[PDB]
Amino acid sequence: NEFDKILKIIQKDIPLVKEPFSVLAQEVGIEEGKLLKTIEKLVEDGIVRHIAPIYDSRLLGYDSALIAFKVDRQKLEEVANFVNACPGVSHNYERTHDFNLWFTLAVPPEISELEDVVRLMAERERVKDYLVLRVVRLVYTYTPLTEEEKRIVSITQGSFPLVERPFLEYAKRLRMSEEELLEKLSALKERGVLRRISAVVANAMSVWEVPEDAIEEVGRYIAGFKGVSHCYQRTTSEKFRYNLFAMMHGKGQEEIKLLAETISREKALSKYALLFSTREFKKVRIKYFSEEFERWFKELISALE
């Protein structure tokens, strides 16, 4: 099936050449123009909703963490709206916990330390207790990006043009040739800053306290289960002693809670907690190196003073 073949192949890394659809069309065995038209339908119809470069947030120089605020219900919604305003906050959730506001913040380099940003947020919203958790899912080196790389990332991060020549418009905008752009794009891919270019209910964050010589096996054990999506790990701290996170979903706490007790039983982990998503105030993805954050931070300094 052409649909199957195409759908499968646009999820593979799209190559850094001038006419990458010419190449995918060859590999798929159909005419280029027809490959293009087909792609449109798949994005027009929403089984793939976007096709874009995937950059590595930390190799871009973004520090990012999961933040938790302890807010009381009268002021929960006020604070939540304030969080969504931050252009570097990708997700925001209300969760079932002492800390009832959980969001993901990511901060560009050379502006502020992440901890400063959350400090001023909690200060502005008069939140007394907050958590700053750095987790990691389941050889590359950080070099600060030049201003050009930042512009490159800035304009390329959107939807990948479904045209015969998809790096040409980008290159025109950046006043360089395709060849010079692809040159830079390839180097960022070799450095892993650029990973690839591709198309891509009832919910809880389960948090667990696990000995470190078991977290990999435990993580892989949990990763095998339906209802479990991604697994993450962090260090333990006095403010938060859970070191293993597992994203869970189902039909309700019921369908969900049950899928928890089991894990707790089969691996004897009595230390855990279920933070259900009762509300989502945001689920968008951040634009890297947009000037809207830096300013937003100004408005914040400006505000506070």
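Note that residue numbering begins at 1 and tracks the sequence as displayed.
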Task: Interresidue gap class [residue 138, residue 139; deposited sequence, unmodelled] - done: 10 or more
Open item on the list: Can you tell me how many deposited residues have no coordinates between residue 214 and residue 215? The categories are none, 1 to 3, 4 to 9, and 10 or more.
Closed with: none
- [ ] Averaging only over Cα atoms, indicate whether 165-173 or 80-88 has the higher B-factor in the PDB entry.
- [x] 80-88
- [ ] Look over 40-48 and 256-264 in the entry and identify the one with the greater average Cα temperature factor.
- [x] 256-264
Task: Residue with maximal Cα B-factor (values as given in the PDB entry) among 68, 247, 60, 28 - done: 247
Open item on the list: Looking at the C-alpha B-factor values in the deposited entry, which of 189, 73, 151, 134 comes out highest?
Closed with: 73
Open item on the list: Taking only the Cα B-factors deposited for this chain, tell me whether residue 156 sits in the lowest, middle or highest third.
Closed with: lowest
Open item on the list: For the chain shown, is the CA B-factor of residue 206 in the lowest, middle or highest third of its modelled residues?
Closed with: highest
Task: Relative C-alpha B-factor of residue 116, binned into the chain's lowest, middle or highest third - done: middle
TODO: Going by the recorded CA B-factors, say which third of the chain residue 277 sits in, lowest, middle or highest.
DONE: highest
TODO: Sort the modelled residues of this chain by their C-alpha B factor and say whether residue 270 lands in the lowest, middle or highest third.
DONE: highest
